[PDB]
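Quick setup: one chain, the form deposited in one PDB entry, written in structure tokens, and binding and motion questions come after.
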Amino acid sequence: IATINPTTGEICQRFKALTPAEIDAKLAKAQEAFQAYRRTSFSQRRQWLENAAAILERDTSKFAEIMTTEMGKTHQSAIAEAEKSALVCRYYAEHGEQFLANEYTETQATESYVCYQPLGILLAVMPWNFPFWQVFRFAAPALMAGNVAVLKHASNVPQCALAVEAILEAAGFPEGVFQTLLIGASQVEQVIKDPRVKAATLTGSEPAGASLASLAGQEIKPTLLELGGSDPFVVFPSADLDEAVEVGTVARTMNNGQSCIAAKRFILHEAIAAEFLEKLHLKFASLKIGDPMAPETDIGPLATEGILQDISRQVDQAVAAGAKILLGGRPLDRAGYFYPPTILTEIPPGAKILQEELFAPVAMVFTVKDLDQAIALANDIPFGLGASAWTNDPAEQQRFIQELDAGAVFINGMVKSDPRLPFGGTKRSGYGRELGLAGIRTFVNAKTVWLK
């Protein structure tokens, strides 16, 4: 567990992992805190959550600086991440109580309803890529619902993980209500197996997710999984091509390519593919690669050396197989984990990359002849997180909405998460939904009540 600055490769700070006994003591404290915390009113939780929103809103630049230092996303997109973290806190502050109000159903009973009560200690396992947003996306509704939480964050964002816990303390949430655990991947098993931990959420990638949900299921504990994607970005002949190229470039290269809802696979109708790809190429080649703290930088370094080695191999193997590099495709010769915006085309059928997630600013480009082929290609993946399709024909739009095998379908826009609407995957991208009403309903006991 360490801060290693991806812009420099420099080890900035090392942290000691908790021992099993220290984990145990944190879970004891969470259990005791839960007993008191479930009896707090919604009004108290709302005030504390609004306090946390205000801390995020006041110090976005300081918080963004930590995110950028640890994992390399541009300072400017990290400011936006802190702003979106404040937004989800206010969302649940505003809606949490009404979202958890009794729901009555008429029966023979004098009273019959469902009420919604917290489960207890929730484990959250969170990744490095949105190190504030993913944590607050879970934490805002979990705490508003009356649960307490222990966070295992990624080992390369320990300062982010500690800052989140500090924010919630400073906001007023009592000690034990939200605790950061500086532990490794191998120590998550202890937590899941503890009788006091009642449910777990994991955002990240498949092997960590499969491990957690496997162990949780064995313990008869519910889970939510938000894993990777290889989202299609379908561009059809009636699209605004200029907007599509601009938005597609953003969707591919945002967070240095390291987003589960990145546009990864560009699926272009024959009629417009030449113009689109020509414009995409030009847009990608004009992106500014450098110091993520610099406000004019588009592309910072990848988050870790392993992330850099992953994409380097993935792209090398595809090109060796006969994929064509239209742009980029080789790491930069500079200090820091830098990989350039890349366009691969003419990928041979059966290439391994077709089924992989590219967590770096690497666009795979495909040409298709009709709607049937576009849908077929779009869904020809293990994942099913987001999908984006570009067309102004109503019937096409409806076929896209119905037939794209994904948890989210955006028409004439890039896939974005938004607190007002549920968000989650299908197929190997996971299951369960964060945000909206679903987000606060995930880790509650929906208790049916019947009174004669």
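Just count from 1 along the sequence shown to find any residue number.
_Mean CA temperature factor from the deposited coordinates, higher in 176-184 or in 342-350?_
Mean B over CA atoms: larger for 342-350.
*Return whichever of 316-324 and 263-271 has the greater mean Cα B factor according to the PDB record.*
According to the entry, 316-324 carries the higher average C-alpha B-factor.
*Per the entry, which of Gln76, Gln159, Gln108, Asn147 tops the list for Cα B factor?*
Comparing C-alpha B-factors across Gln76, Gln159, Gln108, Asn147, the top value belongs to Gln108.
*Per the coordinate record, which of the options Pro394, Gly386, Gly413, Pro422 holds the highest CA temperature factor?*
Across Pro394, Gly386, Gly413, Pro422, the entry lists the biggest C-alpha B-factor for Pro394.
_Using the temperature factors of the C-alpha atoms in this entry, rank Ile11 within its chain: lowest, middle or highest third._
Answer is highest: the recorded C-alpha B-factor places it there.
_Quick check on the deposited entry: does the C-alpha B-factor of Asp231 sit in the lowest, middle or highest third of its chain?_
Bottom third by C-alpha B-factor.
*Would the CA B-factor of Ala53 place it in the lowest, middle or highest third of its chain?*
For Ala53, whose C-alpha B-factor we compare with every modelled residue in the chain, the answer is the lowest third.
*Going by the entry, which third of its chain does the Cα temperature factor of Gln98 land in?*
Its C-alpha B-factor, which the entry lists for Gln98, ranks in the middle third among residues of this chain.
*Among modelled residues of the same chain, the CA temperature factor third for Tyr337*: It falls in the top third of the chain.
Absent from the display: the form solved in complex with a small molecule. The rest refers to it.
_Within 4.5 Å, heavy atoms only, which of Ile79, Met254, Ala208, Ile343 is in contact with the small molecule in the bound PDB entry?_
Selected option: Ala208.
*Which residue among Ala93, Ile375, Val247, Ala154 has a heavy atom within 4.5 angstroms of the small molecule in the bound PDB entry?*
When the small molecule is considered in the bound PDB entry, the option within 4.5 Å is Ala154.
_Segment that reaches the small molecule in the bound PDB entry - one of 220-228, 328-336, 71-79, 343-351, heavy atoms within 4.5 Å_ = Contact criterion met by 220-228 only.
_My question is simply whether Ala163 lines the interface with the small molecule in the bound PDB entry - judged by any non-hydrogen atom within 4.5 Å._
Looking in the bound PDB entry, residue contacts with the small molecule do not include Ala163, since no heavy atom lies within 4.5 Å.
*Verify the contact flag for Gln134: yes if a non-hydrogen atom of it lies within 4.5 Å of a non-hydrogen atom of the small molecule in the bound PDB entry, no if not.*
Yes - in the bound PDB entry, heavy atoms of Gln134 and the small molecule come within 4.5 Å of each other.
*Taking heavy atoms only, is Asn147 within 4.5 angstroms of the small molecule in the bound PDB entry?*
The answer is no: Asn147 has no heavy atom within 4.5 Å of the small molecule.
*Using heavy atoms and a 4.5 Å limit, would one call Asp298 a contact residue for the small molecule in the bound PDB entry?*
No, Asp298 stays farther than 4.5 Å from the small molecule in the bound PDB entry.
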